[PDB]
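Report on the structure given below.
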Amino acid sequence: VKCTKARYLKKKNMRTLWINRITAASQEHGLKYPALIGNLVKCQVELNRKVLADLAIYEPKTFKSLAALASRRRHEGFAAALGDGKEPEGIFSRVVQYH
Amino acid sequence: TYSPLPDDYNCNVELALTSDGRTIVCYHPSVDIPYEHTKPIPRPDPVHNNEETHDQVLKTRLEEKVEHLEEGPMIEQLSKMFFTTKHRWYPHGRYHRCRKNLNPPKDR
Amino acid sequence: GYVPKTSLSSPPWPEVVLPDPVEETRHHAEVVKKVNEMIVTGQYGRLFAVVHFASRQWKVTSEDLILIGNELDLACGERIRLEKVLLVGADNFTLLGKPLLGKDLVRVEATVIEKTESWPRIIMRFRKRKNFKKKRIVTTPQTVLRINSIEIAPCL
Amino acid sequence: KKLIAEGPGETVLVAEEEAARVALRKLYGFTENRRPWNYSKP
Amino acid sequence: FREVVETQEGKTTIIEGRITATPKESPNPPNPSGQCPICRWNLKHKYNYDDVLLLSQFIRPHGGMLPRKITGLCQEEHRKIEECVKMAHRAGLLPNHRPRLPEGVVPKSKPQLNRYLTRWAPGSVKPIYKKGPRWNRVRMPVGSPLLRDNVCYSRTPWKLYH
Amino acid sequence: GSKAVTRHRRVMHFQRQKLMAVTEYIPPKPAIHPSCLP
Amino acid sequence: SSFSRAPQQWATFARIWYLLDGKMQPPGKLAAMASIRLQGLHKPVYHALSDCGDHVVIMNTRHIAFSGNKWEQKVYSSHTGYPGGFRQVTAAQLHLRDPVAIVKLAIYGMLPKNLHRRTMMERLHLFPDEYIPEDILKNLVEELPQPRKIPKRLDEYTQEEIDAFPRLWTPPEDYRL
Amino acid sequence: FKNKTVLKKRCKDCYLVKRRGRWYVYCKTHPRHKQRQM
Amino acid sequence: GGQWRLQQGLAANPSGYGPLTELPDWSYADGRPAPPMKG
Amino acid sequence: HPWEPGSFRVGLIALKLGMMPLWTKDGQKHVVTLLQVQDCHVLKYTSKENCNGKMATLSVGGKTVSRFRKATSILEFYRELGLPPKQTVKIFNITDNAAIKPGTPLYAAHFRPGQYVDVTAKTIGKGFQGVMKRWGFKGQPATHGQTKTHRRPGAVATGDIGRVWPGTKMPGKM
RNA sequence: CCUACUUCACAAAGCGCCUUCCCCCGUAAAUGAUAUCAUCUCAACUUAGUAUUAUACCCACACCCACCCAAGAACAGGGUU
Ligand SMILES: [Mg+2]
Ligand SMILES: [Mg+2]
Ligand SMILES: [Mg+2]
Ligand SMILES: [Zn+2]
Ligand SMILES: [Zn+2]
């Protein structure tokens, strides 16, 4: 019964471990975890927590590139909040439209 | 000018968006440690074994370091050496010893 | 609209000034020309890729293995072009998709090796004092892929 | 005054020997980032 | 300003009133329509207990406060300044505004317990020995509720009781 | 359980407590505080 | 990289010594950073089985600063086993008796309550003054920044800054102060 | 001193001051009127 | 998380209603398309 | 050195011979214990920074015993010092202007008549003693019906606690 | 603790003898603003106001068959010159 009930706890604990490792790497880059996840999904790059933690451990240059992307989209969102747009709605905004 | 992260550690990123708009390009060459951020290697050359009478008395002196302690002080010494507590360095029973994998799996 | 300097007059974060968009567009053109020249002259080696496949995302390099938990209707030995490559990366440059990269940039080849079941996984229920005791044994099918090559093309 | 390799270790001597190994791999074109073998048919 | 001079001169004391020079306002306030000095410089809700450049304009040379009729503040921005200078005296700031005393300081008291955002007087609080249950804990008050209306940037309000 | 009318303020159901928490009187906020304006 | 295997794993799983100043910081904001870097949570190679702990060296712990009236209300409480042995003292009395105790109790509280807590506290080195021993000063990397800003009392105000700030009001010239 | 939850001055010369965290009523003419907030 | 995804008309859970889900996962090496996925 | 007012000097190690009565000029009778200083010698000196940073210490040895019945390191210590081995060794906290050379003799005229001393020794061991002789408990009465309970401790705790406290008085070695 | 007394006697005991050292906080008072007087101060501050950052014990890593012991249930401890 413990072996059957352990599968849900395994999935939950693995995602909490990924959240801890991504928080560690982003806080090495001076970024918080919510800023990284939110502003990464706002550039339409859909990387899940598993490959983000694996990029954090094994490919730290690609993680620095991702942290720079998330910070730039964060800054664009802040300037858009001060200006309501007008002109450019940023550059690393402007989502690609699919039909 | 504006860079989103400091560009002194690990890497130097430039972020680029394609003219099509459909792929983000990141260029990141590694940064080396330049020469003036390194101290030179210390060269320890300590030699005080030479007394003028013999020459192989120093080779005799080479094996003069032996010590015996009982379990208590040895555990205290290992604890203050490796910055752990005392509970590691005690043994275990036969039951905990003989159910441990001696041929564990090896990834990579 | 003047406020003298106090602790709460100005926001605590430093004031960021994002660049001019025209010079930034020219700079993006220069960087993508650099990276396209690095691709076309062959200045990479052992590039990896993040690939979406069978509802997961596999951080994948060349010559490795991935094991997925379903059949594929593919006889072993057959090669596969895994589409939906949503990040490719060598050393010194990476390319991100939005969300997926183009079909002409990246091309990931993969070969199927082995089609097996799993070890028997036990499913058991229990409720105390209710005489409730079910039990199953389930072996789900599996497939092993071997990622041969991750090529890249200068169409950028 | 230009870096060619860098190697870790537990003492200074084994770190220097490992740095020599890293430079000696990088000179010979045999790094862990090299092009993997091109199994294909021409 | 004005000061009094006393000269004991051969069993005859002279008590003189003399006017020294005084400063005035900086020559262009950004909002001349405002009534307070705080409203006249758009400083409403913009200061904390750190701003001792702002607070040392409204205090006597021994640390005491100045009245509303002299300074011209309103009732609600006076009590914010009045409480902020009490939190800056206790936090080690304003060291030149110590109280005058002939020789009493020489028995140095208990050492530099460094503090900040101190709300009550340090010698008038009993220790929280019992702390209550989980649902009504006895909290330590930090900061002052007069400064609840300060501008907040943290997207979580000032935790005043913890 | 207690009656509908009691002596001791009768702790509410938590859904009703949330309802009475979310429907409180919110006074109107002037743009510039009226004394700070001439 | 390319980093032969045992040097590579040694480089990845090594220990790092950190220095953190006291000197007008709250003990809880020091305890947060010390707890994160004692557990090893600041590394992306973190796992609770991996023992990826680091050393934290805190100096100037005698010069910490409690916010509010916590020097007279916050009570640290213990018990000897014997009857009549309930002891409760304020933060001021405990800080005077042992200058290093408040930060140690905060860090010990924030750590997880498993069996790694005593070893992770063995990797904690706490010193009350500017003096740190020579081996511990020879091990150090990376003085971590301080959380609090140390709000800079008035005599340190560099007279050009007083010339910057405007005089907000005109006093009556016939007033005494 | 007598403990009272609501203090009031019983004569002209009582004076209300706040010492050691409480509100006290002192009086120098009639010391009966000394009160102490509980 | 995404509720920003609804403002772009994109169905907040990115694993349903997109090109990330509805495109075919694989194809043969000589170019032939796959049989359609069962979901 | 001469005596300063904040000073503490060394003591001795004596051997308790016996007791004796002793009369004063008003007629009262006091009892004295005769402590004899048999063979006393300062053994070694530890400076102020080498023990706890508070007060310097001096070691003082007791009466002479045989070399044939001590450990090897102790015999090495007395052979380096130059004395026969002593039975007991006590450590005296002194201030460092009262330090004496190790190997000196300490006598009984170290103390003077009219002074106050504090003597400390191992008390007489009475073995595993029951609770009435040890803690001075009362027992139960003797003959009014009591069944096998004449010297028992009785109740040792209350009923709510479910244990006994660590400071509990029970039989034990006394 | 056994030198007198007593139960007793190469011991143990009291009915017998010796020694026994730091506070504790509720208020009572100066200066002085907010409120140019005044005001003991959950204003900055000064006294009665803190005994303690207390000192005494105890802290020698392995001769050990055996004997004795004021040490002791066994074990442990002290002496054997
Ligand atoms: Mg009886
Ligand atoms: Mg019977
Ligand atoms: Mg009987
Ligand atoms: Zn106003
Ligand atoms: Zn009255």
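Here's how to read the names in the structure tokens: chain A, B, ... by the order shown, residue numbers from 1 in each chain, ligand numbers from 1 in the order shown.
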So which residues touch residue G:101 within 12 Å, counting only C-alpha atoms (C1' of nucleotides), skipping near sequence neighbours fewer than 5 positions away, as a PyMOL selection string? chain G and resi 27+61-62+64+76+91-96+106-108+126-128
List all protein, DNA and RNA residues that have any atom at most 12 Å from ligand 2, counting only C-alpha atoms (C1' of nucleotides) and all ligand atoms, and write the list as a list in words. residues 145, 146, 147 and 148 of chain J
Once you count only C-alpha atoms, which residues of chain J turn out to be within 7 Å of chain G? Could you give them as a list in words?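 Output check: residues 165, 166 and 167 of chain J.
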Keeping N, CA, C and O atoms for every residue in the selection just given, could you write it to a file as a short mmCIF file (atom, residue, chain, number, x, y, z; two decimals), in the first residue's frame?
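The new file again-v4.cif reads:
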data_model
loop_
_atom_site.label_atom_id
_atom_site.label_comp_id
_atom_site.auth_asym_id
_atom_site.auth_seq_id
_atom_site.Cartn_x
_atom_site.Cartn_y
_atom_site.Cartn_z
N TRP J 165 10.73 12.96 38.31
CA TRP J 165 11.60 14.05 37.92
C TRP J 165 13.06 13.64 38.04
O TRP J 165 13.38 12.68 38.75
N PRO J 166 13.96 14.32 37.35
CA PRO J 166 15.38 14.00 37.51
C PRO J 166 15.96 14.31 38.88
O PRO J 166 16.93 13.68 39.29
N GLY J 167 15.38 15.23 39.62
CA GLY J 167 15.96 15.52 40.92
C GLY J 167 15.48 14.65 42.05
O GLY J 167 15.61 15.04 43.21
#
Could you give me the residues within chain B that DSSP places in strand (DSSP E), as a PDB file with C-alpha atoms, in the first residue's frame?
ATOM      1  CA  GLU B  14      24.339  38.982 -26.389  1.00  0.00           C
ATOM      2  CA  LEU B  15      20.633  38.471 -27.037  1.00  0.00           C
ATOM      3  CA  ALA B  16      19.389  38.698 -30.603  1.00  0.00           C
ATOM      4  CA  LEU B  17      16.036  38.282 -32.299  1.00  0.00           C
ATOM      5  CA  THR B  23      13.806  32.357 -33.140  1.00  0.00           C
ATOM      6  CA  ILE B  24      15.844  34.007 -30.356  1.00  0.00           C
ATOM      7  CA  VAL B  25      19.614  33.923 -30.758  1.00  0.00           C
ATOM      8  CA  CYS B  26      22.001  33.981 -27.801  1.00  0.00           C
ATOM      9  CA  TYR B  27      25.757  34.306 -28.333  1.00  0.00           C
TER      10      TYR B  27
END
Work out how far atom CA of residue G:43 is from atom CA of residue A:28, in Å to one decimal.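 Atom CA of residue A:28 sits 8.3 Å away from atom CA of residue G:43.
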Considering only C-alpha atoms, give me a table of residues in chain G that are at most 10 Å from chain C, with the closest atom pair and distance in Å for each, as a tab-separated table.
residue	atom	partner	partner_atom	distance
G:151	CA	C:7	CA	9.3
G:161	CA	C:5	CA	9.7
G:164	CA	C:4	CA	8.6
G:165	CA	C:4	CA	6.5
G:166	CA	C:4	CA	7.4
Same residues, C-alpha atoms, output as a short mmCIF file (atom, residue, chain, number, x, y, z; two decimals), in the first residue's frame:
data_model
loop_
_atom_site.label_atom_id
_atom_site.label_comp_id
_atom_site.auth_asym_id
_atom_site.auth_seq_id
_atom_site.Cartn_x
_atom_site.Cartn_y
_atom_site.Cartn_z
CA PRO G 151 21.09 54.19 7.66
CA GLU G 161 24.70 66.70 0.75
CA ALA G 164 21.75 69.61 -1.65
CA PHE G 165 18.77 69.24 0.68
CA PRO G 166 16.44 72.26 0.80
#
Kindly work out which residues sit at most 8 Å from ligand 4, using only C-alpha atoms (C1' of nucleotides) and all ligand atoms, and give the list as JSON, numbers by chain. {"E": [34, 35, 36, 37, 38, 39, 44, 73, 74, 76, 77], "F": [33, 35, 36, 37]}
When you look at stretch 41-56 of chain B with a cut-off of 12 Å (counting only C-alpha atoms (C1' of nucleotides)), what residues show up, excluding the ones that are within fewer than 2 positions of it in the same chain? I need them as a PDB file with C-alpha atoms, in the first residue's frame.
ATOM      1  CA  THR B  38      45.931  35.305  -9.974  1.00  0.00           C
ATOM      2  CA  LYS B  39      48.487  35.106  -7.192  1.00  0.00           C
ATOM      3  CA  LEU B  58      67.521  11.908   8.523  1.00  0.00           C
ATOM      4  CA  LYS B  59      66.216   8.857   6.695  1.00  0.00           C
ATOM      5  CA  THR B  60      65.945   7.284  10.151  1.00  0.00           C
ATOM      6  CA  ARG B  61      64.111  10.430  11.306  1.00  0.00           C
ATOM      7  CA  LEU B  62      61.665  10.107   8.381  1.00  0.00           C
ATOM      8  CA  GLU B  63      59.640   7.395  10.190  1.00  0.00           C
ATOM      9  CA  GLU B  64      59.423   9.091  13.616  1.00  0.00           C
TER      10      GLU B  64
ATOM     11  CA  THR D  11      46.380  19.989  -3.526  1.00  0.00           C
ATOM     12  CA  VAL D  12      48.384  22.456  -5.571  1.00  0.00           C
ATOM     13  CA  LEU D  13      50.471  19.746  -7.262  1.00  0.00           C
ATOM     14  CA  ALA D  15      45.766  20.713  -9.645  1.00  0.00           C
ATOM     15  CA  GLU D  16      48.855  21.678 -11.638  1.00  0.00           C
TER      16      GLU D  16
END
Within 8 Å of ligand 5, counting only C-alpha atoms (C1' of nucleotides) and all ligand atoms, residues as a ChimeraX atom specification: /H:9-14,26-34
Keeping only N, CA, C and O atoms, write those residues as an mmCIF file, in the first residue's frame.
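Once everything was written out, this is again22.cif:
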data_model
loop_
_atom_site.group_PDB
_atom_site.id
_atom_site.type_symbol
_atom_site.label_atom_id
_atom_site.label_comp_id
_atom_site.auth_asym_id
_atom_site.auth_seq_id
_atom_site.Cartn_x
_atom_site.Cartn_y
_atom_site.Cartn_z
ATOM 1 N N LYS H 9 -10.134 62.767 36.973
ATOM 2 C CA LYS H 9 -9.617 63.713 37.951
ATOM 3 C C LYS H 9 -10.729 64.087 38.918
ATOM 4 O O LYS H 9 -11.776 64.587 38.501
ATOM 5 N N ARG H 10 -10.519 63.853 40.207
ATOM 6 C CA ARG H 10 -11.566 64.133 41.175
ATOM 7 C C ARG H 10 -11.535 65.559 41.700
ATOM 8 O O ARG H 10 -12.454 65.950 42.425
ATOM 9 N N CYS H 11 -10.518 66.343 41.360
ATOM 10 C CA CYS H 11 -10.443 67.723 41.813
ATOM 11 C C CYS H 11 -9.710 68.538 40.759
ATOM 12 O O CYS H 11 -9.406 68.052 39.669
ATOM 13 N N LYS H 12 -9.444 69.800 41.089
ATOM 14 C CA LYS H 12 -8.798 70.703 40.146
ATOM 15 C C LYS H 12 -7.320 70.401 39.971
ATOM 16 O O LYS H 12 -6.791 70.586 38.873
ATOM 17 N N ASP H 13 -6.651 69.926 41.015
ATOM 18 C CA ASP H 13 -5.201 69.829 41.024
ATOM 19 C C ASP H 13 -4.670 68.478 40.575
ATOM 20 O O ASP H 13 -3.450 68.301 40.544
ATOM 21 N N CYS H 14 -5.535 67.520 40.256
ATOM 22 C CA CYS H 14 -5.055 66.255 39.719
ATOM 23 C C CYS H 14 -4.507 66.468 38.320
ATOM 24 O O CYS H 14 -5.013 67.296 37.560
ATOM 25 N N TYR H 26 -1.967 61.637 39.286
ATOM 26 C CA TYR H 26 -1.299 62.078 40.494
ATOM 27 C C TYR H 26 -2.059 63.252 41.075
ATOM 28 O O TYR H 26 -2.830 63.911 40.381
ATOM 29 N N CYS H 27 -1.858 63.495 42.361
ATOM 30 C CA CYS H 27 -2.368 64.708 42.980
ATOM 31 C C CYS H 27 -1.469 65.051 44.147
ATOM 32 O O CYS H 27 -1.012 64.153 44.856
ATOM 33 N N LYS H 28 -1.192 66.334 44.327
ATOM 34 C CA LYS H 28 -0.360 66.749 45.442
ATOM 35 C C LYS H 28 -1.169 67.350 46.579
ATOM 36 O O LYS H 28 -0.735 67.293 47.733
ATOM 37 N N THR H 29 -2.337 67.914 46.281
ATOM 38 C CA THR H 29 -3.179 68.486 47.324
ATOM 39 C C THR H 29 -3.837 67.395 48.157
ATOM 40 O O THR H 29 -3.589 67.281 49.361
ATOM 41 N N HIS H 30 -4.676 66.580 47.527
ATOM 42 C CA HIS H 30 -5.299 65.426 48.175
ATOM 43 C C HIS H 30 -4.692 64.170 47.581
ATOM 44 O O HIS H 30 -5.020 63.804 46.442
ATOM 45 N N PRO H 31 -3.808 63.471 48.297
ATOM 46 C CA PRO H 31 -3.203 62.257 47.732
ATOM 47 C C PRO H 31 -4.129 61.055 47.674
ATOM 48 O O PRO H 31 -3.672 59.992 47.246
ATOM 49 N N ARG H 32 -5.388 61.171 48.113
ATOM 50 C CA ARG H 32 -6.356 60.099 47.894
ATOM 51 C C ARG H 32 -6.605 59.880 46.416
ATOM 52 O O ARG H 32 -6.812 58.748 45.973
ATOM 53 N N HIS H 33 -6.572 60.955 45.632
ATOM 54 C CA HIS H 33 -6.968 60.921 44.233
ATOM 55 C C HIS H 33 -5.936 60.271 43.331
ATOM 56 O O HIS H 33 -6.113 60.304 42.112
ATOM 57 N N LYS H 34 -4.864 59.716 43.883
ATOM 58 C CA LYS H 34 -3.902 58.982 43.085
ATOM 59 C C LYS H 34 -4.537 57.716 42.541
ATOM 60 O O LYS H 34 -5.079 56.910 43.297
#
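The list of residues with at least one atom within 8 Å of residue A:56, based on only C-alpha atoms (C1' of nucleotides) and without residues fewer than 4 positions apart in the same chain, reads residues 21, 22, 25, 52, 60 and 63 of chain A; 44 of chain G.
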Could you list, as a VMD selection string, all the residues within 9 Å of ligand 1, counting only C-alpha atoms (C1' of nucleotides) and all ligand atoms? chain J and resid 138 to 142 150 to 151
Pick out the chain E residues within 12 Å of chain C. Count only C-alpha atoms. Give them as a ChimeraX atom specification. /E:26,28-32,38-55,147,149-154
Nearby residues (only C-alpha atoms (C1' of nucleotides)) at most 12 Å from residue I:32, same-chain spacing under 5 positions excluded, as a list in words: residues 79, 80 and 81 of chain C; 24, 26 and 27 of chain I
What are the residues of chain E that have an atom within 8 Å of an atom of chain H, counting only C-alpha atoms, as a ChimeraX atom specification? /E:123-125
Write out as a list in words which residues come within 12 Å of stretch 58-60 of chain K when counting only C-alpha atoms (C1' of nucleotides), dropping same-chain ones fewer than 4 positions away.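 Returned residues: residues 43, 44, 51, 59, 61, 70, 71, 72, 73, 74, 75, 76, 77, 78, 85, 86, 87, 88, 89, 90, 91, 92, 120, 121 and 122 of chain J.
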Could you pull out the alpha helix (DSSP H) residues of stretch 21-147 of chain C from DSSP and send them as a ChimeraX atom specification? /C:21-40
Stretch 33-35 of chain D: which residues within 12 Å, counting only C-alpha atoms (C1' of nucleotides), same-chain residues fewer than 6 positions away excluded, as a ChimeraX atom specification? /C:42-48,61-63,90-92,149-151 /D:25-26 /G:1-3
Can you measure atom CA of residue G:148 to atom CA of residue G:167 for me? One decimal in Å is fine. 28.8 Å
Per-residue nearest contacts of chain C to chain B (10 Å; only C-alpha atoms) as JSON lines:
{"residue": "C:16", "atom": "CA", "partner": "B:2", "partner_atom": "CA", "distance": 8.1}
{"residue": "C:17", "atom": "CA", "partner": "B:2", "partner_atom": "CA", "distance": 7.2}
{"residue": "C:18", "atom": "CA", "partner": "B:2", "partner_atom": "CA", "distance": 6.8}
{"residue": "C:19", "atom": "CA", "partner": "B:2", "partner_atom": "CA", "distance": 6.9}
{"residue": "C:24", "atom": "CA", "partner": "B:16", "partner_atom": "CA", "distance": 9.0}
{"residue": "C:25", "atom": "CA", "partner": "B:17", "partner_atom": "CA", "distance": 8.3}
{"residue": "C:26", "atom": "CA", "partner": "B:16", "partner_atom": "CA", "distance": 9.9}
{"residue": "C:27", "atom": "CA", "partner": "B:16", "partner_atom": "CA", "distance": 7.7}
{"residue": "C:28", "atom": "CA", "partner": "B:16", "partner_atom": "CA", "distance": 4.6}
{"residue": "C:29", "atom": "CA", "partner": "B:18", "partner_atom": "CA", "distance": 7.2}
{"residue": "C:30", "atom": "CA", "partner": "B:16", "partner_atom": "CA", "distance": 8.7}
{"residue": "C:31", "atom": "CA", "partner": "B:16", "partner_atom": "CA", "distance": 6.2}
{"residue": "C:32", "atom": "CA", "partner": "B:16", "partner_atom": "CA", "distance": 6.5}
{"residue": "C:33", "atom": "CA", "partner": "B:18", "partner_atom": "CA", "distance": 9.7}
{"residue": "C:34", "atom": "CA", "partner": "B:27", "partner_atom": "CA", "distance": 8.6}
{"residue": "C:35", "atom": "CA", "partner": "B:27", "partner_atom": "CA", "distance": 7.0}
{"residue": "C:36", "atom": "CA", "partner": "B:25", "partner_atom": "CA", "distance": 9.9}
{"residue": "C:86", "atom": "CA", "partner": "B:23", "partner_atom": "CA", "distance": 9.8}
{"residue": "C:87", "atom": "CA", "partner": "B:23", "partner_atom": "CA", "distance": 9.6}
{"residue": "C:89", "atom": "CA", "partner": "B:26", "partner_atom": "CA", "distance": 9.3}
{"residue": "C:91", "atom": "CA", "partner": "B:29", "partner_atom": "CA", "distance": 7.9}
{"residue": "C:92", "atom": "CA", "partner": "B:28", "partner_atom": "CA", "distance": 4.6}
{"residue": "C:93", "atom": "CA", "partner": "B:27", "partner_atom": "CA", "distance": 4.5}
{"residue": "C:94", "atom": "CA", "partner": "B:26", "partner_atom": "CA", "distance": 5.3}
{"residue": "C:95", "atom": "CA", "partner": "B:25", "partner_atom": "CA", "distance": 4.8}
{"residue": "C:96", "atom": "CA", "partner": "B:24", "partner_atom": "CA", "distance": 4.9}
{"residue": "C:97", "atom": "CA", "partner": "B:23", "partner_atom": "CA", "distance": 4.9}
{"residue": "C:98", "atom": "CA", "partner": "B:22", "partner_atom": "CA", "distance": 5.9}
{"residue": "C:99", "atom": "CA", "partner": "B:22", "partner_atom": "CA", "distance": 8.6}
{"residue": "C:100", "atom": "CA", "partner": "B:23", "partner_atom": "CA", "distance": 8.4}
{"residue": "C:101", "atom": "CA", "partner": "B:23", "partner_atom": "CA", "distance": 6.5}
{"residue": "C:102", "atom": "CA", "partner": "B:22", "partner_atom": "CA", "distance": 7.9}
{"residue": "C:105", "atom": "CA", "partner": "B:23", "partner_atom": "CA", "distance": 9.9}
{"residue": "C:156", "atom": "CA", "partner": "B:18", "partner_atom": "CA", "distance": 7.4}
Could you check the closest approach to chain C for each of A:55, A:67, A:19, A:35 and tell me which residue wins, using only C-alpha atoms?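 Of the candidates, the smallest distance to chain C is held by A:55.
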